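> This one's a deposited entry, sequence included:
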Amino acid sequence: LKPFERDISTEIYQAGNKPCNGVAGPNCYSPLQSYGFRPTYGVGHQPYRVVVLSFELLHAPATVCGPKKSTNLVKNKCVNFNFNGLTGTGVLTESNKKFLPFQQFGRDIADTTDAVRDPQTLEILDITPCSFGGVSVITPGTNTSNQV
Amino acid sequence: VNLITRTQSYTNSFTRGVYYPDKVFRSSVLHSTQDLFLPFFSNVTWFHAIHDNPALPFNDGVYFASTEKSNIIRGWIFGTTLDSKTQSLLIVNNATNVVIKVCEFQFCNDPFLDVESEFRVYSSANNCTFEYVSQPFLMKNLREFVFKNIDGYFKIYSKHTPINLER
Amino acid sequence: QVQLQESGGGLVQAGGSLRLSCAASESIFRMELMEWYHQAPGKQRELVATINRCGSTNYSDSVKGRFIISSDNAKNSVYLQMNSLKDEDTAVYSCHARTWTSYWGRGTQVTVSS
Ligand SMILES: *[C@@H]1O[C@H](CO)[C@@H](O[C@@H]2O[C@H](CO)[C@@H](O)[C@H](O)[C@H]2NC(C)=O)[C@H](O)[C@H]1NC(C)=O
Ligand SMILES: *[C@@H]1O[C@H](CO)[C@@H](O)[C@H](O)[C@H]1NC(C)=O
Ligand SMILES: *[C@@H]1O[C@H](CO)[C@@H](O)[C@H](O)[C@H]1NC(C)=O
Ligand SMILES: *[C@@H]1O[C@H](CO)[C@@H](O)[C@H](O)[C@H]1NC(C)=O
Ligand SMILES: *[C@@H]1O[C@H](CO)[C@@H](O)[C@H](O)[C@H]1NC(C)=O
């Protein structure tokens, strides 16, 4: 079988060269065997009920998730954001990007999100990392002075 | 009732059949992808139907193209034996809605719509396991479609383009 | 096996008609160009006709009005129509096709008697 495929058709399987012709004779069997369940069997033979839950990741507008309250939207401030499970920190500003109707994210060279669509109001925002930089200390010898 | 005849001509696809592989915005970059595409400069068996073994093999996927305007074409059928012993698709379009059913249809030799009863498409279906209703897909113009299936998922892409007087 | 094979040669009196045909093992779609060259004994090669992938067709000065070059998409081949032959048309013809390298053929020694 291929992944996530079912089979319902019932027929007479043929294990020989001659056709079965609709009768379960020699080299002709029925490929539907019934489980025999009894209460005196060992643990390895008792019936087990199985349920499989399959999740689809975020490619389209999201529809299923837990009870998280949605707060207000702020702009032009170094803030933390959580858009549909995508969490990060940055500055959110207005967008000039022309998203197509089926698109929901926006990616860059390093493959990180930089343009998002607000789930409640269909609006696009641009994310930029908050300001940062490096510091150098210029000092004479400690034997001379303590000023830097 | 057999009343359909068909001829085949051959022509090329030039540079056509490219689709967006994913729903992620990109700009001013060159992206390398690997997926089911229609190769450049390939045969395209131009079919002409006039009023027949239209059980065309599916293989990996299908690129479908039509240039007519009268909208005499509508819907598609998919299966492995086109019989009531196996499930089959019934993607069918009209002016208001599209219905999609997966069921064990007993398909006739040639299916059509009387126009608007589908009694000539199948005799009777018994064990249906999937139903779906939506807005119809089809809306001097060329309509292009891409059908494929991967891991039990049927994916349909489409596009509408304006084409001038070109054979 | 050789890719380009030619046919249509022979002896034909002046004012007759003939059909030259060169067929390619590869699809004639990607070849992107097909030309017909001819050369006479002791003379240099000159182009007779050329057809590109899009459909544009070009001929030579002494070719217009008598010759037609066309291809069908059923059997991958290119046909040239020999009409209103004269004495100087007697030469050897070869068709050429270039996808990313040039492919040549031989044969088709056509003669005209006057
Ligand atoms: C498209 O592919 C088909 C398959 O090979 C080609 O159709 C065949 O062409 C050969 C050429 O000698 C002949 O056997 C028939 O014309 C075709 N075979 C059939 C119908 O069974 C076709 O040539 C290809 N397209 C082009 C433009 O060459
Ligand atoms: C689906 O159809 C093909 C064609 O007959 C068959 O060989 C195959 O076993 C079927 N099932 C899967 C999972 O491919
Ligand atoms: C979501 O609900 C809020 C509050 O009722 C409303 O302002 C907003 O327009 C709604 N958006 C959508 C897409 O329903
Ligand atoms: C198109 O098909 C839907 C599916 O049942 C149907 O409800 C609708 O009436 C059809 N369109 C017309 C114009 O009848
Ligand atoms: C569905 O399948 C079962 C078993 O394969 C069969 O008995 C039944 O007649 C079929 N049709 C319906 C409508 O249940």
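Okay, I see it. Residues are numbered from 1 along each chain as shown, chains lettered A, B, ... in the order given. Ligands and ions are numbered 1, 2, ... in the order given.

> Show me what the helix or strand where residue A:116 lies is in contact with.
Here residue A:116, judged by DSSP states H and E, is contained in strand A:113-117. Applying CB atoms under 8 Å, 6 or more residues apart in numbering or on different chains, the external contacts of strand A:113-117 come out as A:81, A:83, A:86, A:88, A:95, A:97, A:99, A:103-108, A:123-128, B:25. C-beta here means a position set from N, CA and C on the backbone, and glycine is covered the same way.

> From those, list the buried ones, please.
The neighbour-count test (16 or more other CB atoms under 10 Å in any protein chain shown) marks A:81, A:83, A:95, A:99, A:103-107, A:124-127, B:25 as buried among the contacts of strand A:113-117.

> and the two most separated of these?
Using CB to CB, the pair of these lying farthest apart is A:81 and A:103, separated by 18.6 Å.

> any idea whether residue C:19 is helix, strand or coil?
Taken by DSSP: H, G, I helix; E, B strand; the rest coil, the conformation at residue C:19 corresponds to strand.

> Can you name the residues that contact residue A:90?
A:78, A:79, A:81, A:127, A:128, A:129, A:130.

> Please repeat the previous calculation with a cut-off of 6 Å.
Residue A:90 makes contact with A:127, A:128, A:129, according to CB atoms under 6 Å, 6 or more residues apart in numbering or on different chains.

> Same question for it, what's its three-state structure.
At residue A:90 the chain is in strand, as set by three-state DSSP.

> Tell me what it is bridged to.
Per DSSP bridges, the residues bridged to residue A:90 are residue A:79.

> For residue A:2, see how far away the residue nearest the centre of chain B is.
Residue closest to the average C-alpha location in chain B (CA atoms, centre = their mean): residue B:76, at 5.3 Å. Noted for residue B:76: a distance of 21 Å to residue A:2, by CB to CB, to the nearest Å.

> got the CA coordinates for stretch B:146-154 in PDB?
This file holds the C-alpha atoms of stretch B:146-154, laid out as PDB (Å, rounded to 0.1, in the frame of the first residue of the first chain):
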ATOM      1  CA  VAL B 146      -2.400  20.800 -13.200                       C
ATOM      2  CA  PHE B 147      -3.700  17.700 -11.500                       C
ATOM      3  CA  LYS B 148      -1.500  15.400  -9.300                       C
ATOM      4  CA  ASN B 149      -1.700  13.200  -6.200                       C
ATOM      5  CA  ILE B 150       1.000  12.600  -3.600                       C
ATOM      6  CA  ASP B 151       0.600  10.600  -0.300                       C
ATOM      7  CA  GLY B 152      -3.200  10.400  -0.700                       C
ATOM      8  CA  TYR B 153      -3.500  14.100  -1.400                       C
ATOM      9  CA  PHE B 154      -5.100  15.300  -4.700                       C
END
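
> how about that stretch, does it get close to chain A?
Yes. Stretch B:146-154 is in contact with chain A by CB under 6 Å from any CB of the partner chain, via B:151, B:152.

> Any idea how far that stretch is from the middle of the chain?
A distance of 12 Å separates the centroid of the chain from that of stretch B:146-154, by CA atoms, centre = their mean, to the nearest Å.

> My guess is residue C:21 contacts residue C:8. True?
Yes. Assessed by CB atoms under 6 Å, residue C:21 is found in contact with residue C:8 at 5.5 Å.
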